[PDB]
């Protein structure tokens, strides 16, 4: 908050970049609050106390609303430091942004390295509004925001900034937007902080950081979501443990939006392993956040189950490009929610994957097979991946699944149902349409209506399709049909046959 101690004692928090690399995440920062704002070109005086000869903490100046992160690292020496605040190039900043920003501390050393905790004091800076979980209260900080927005009007050279520090995160937005958003929405910064922490917790659980080993343990970092000037770039961006969002998304940030846009960026930050294909695998994170909220996954949103995946995998003779590639892995995660953390754990701690596109694909098949104790070669080759003779040899040490796991789809959670009851009754009816197509519609009993995830269609003894919908059009009939319904745990019904 804006009435904090002038002398800060700094924890020796270790090098978060190095710790990151151990765990294959993308060089997370570990910025810690000061609550001070500065203008580019102003002088500040910083007093630093460390044991003689020991390494000193650093100051981070962060310019507001850059197309980049906006940070400059400022080195400090023991004793007095007369510092001129630096200035970012004008052309990097959203038009009309003051040359100004805020100070954080970075202290990337261990106790053993640094000795006694550094103490620092900063003179000549201005307090900007900020909430620090465990320190601040909502009433005061809202008052701080009211006061600072007024001060902004009087001195437009000051940075338009409000920060929320949680245990594990930083949310950086403008003060003017923050004040409006909290008031109009009847919300408080304490909630921004608590929700941010919940996101990191859920993310790290999903990724398999379960404290089972060093590469699976938490460490000292502060994940950062910050306002960036992204008008010309993509919608949002990622890197270095930072999510960037544009002006209009400040409310998403403060609300701790867990929709596709935000979580896709966090996903990029949580895996850099060059042994895998992170552009594919990082989508597992936003998909999960969709599922845990009951939201139809992007795979449903892009109509890919029906357009791409399900018709492809059914046949017996075996932005969106990326969802197709992730589909087989998502299906395994729909089938068993313990899959992904364990899969991530394998790639974090084992000499697997690497090499070409195709080599990494083959590694997924082997790793997923080990995790499940199932021979998943068929599963992956049904998605159109080329599984090699040796991979099949490797995986053939396990039994094949007895379920057609490639029929998994979002209905498995969206139904909020169970398995087929003993009373299951379903029927199919064919009509000839559009000239000479066979249009087969499906009806199911009321008790089982939310137990079904789709129907497999066979003709003259060959599987010709699977749809998660109530209708299938057979465009390729010149015939006896056989229909098998599938439930939320991918169990088949008895067949329904007609001629």
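Positions refer to the first chain, counted from 1.
According to the record, the deposited sequence contains 4 to 9 residues between residue 318 and residue 319 that were left without coordinates.
Here 392-400 and 130-138 are compared by their mean Cα B-factor, and 392-400 comes out higher. When 427-435 is weighed against 442-450, 427-435 comes out higher, by mean CA B-factor as recorded in the entry. You'll see in the entry that, of 379, 168, 337, 348, the Cα B factor peaks at 348. For the set 197, 113, 410, 123, the maximum C-alpha B-factor listed in the entry falls on 113. Among the modelled residues of the chain, residue 48 sits in the middle third by CA temperature factor in this PDB entry. In the PDB entry, residue 25 places in the middle third of its chain by CA B-factor. Sorting the modelled residues of the chain by their CA temperature factor places residue 463 in the highest third. Ranked within its chain, residue 406 lands in the lowest third, by CA B factor from the PDB record. Remark: residue 78 belongs to the lowest third of its chain, ranked by C-alpha B-factor as recorded.
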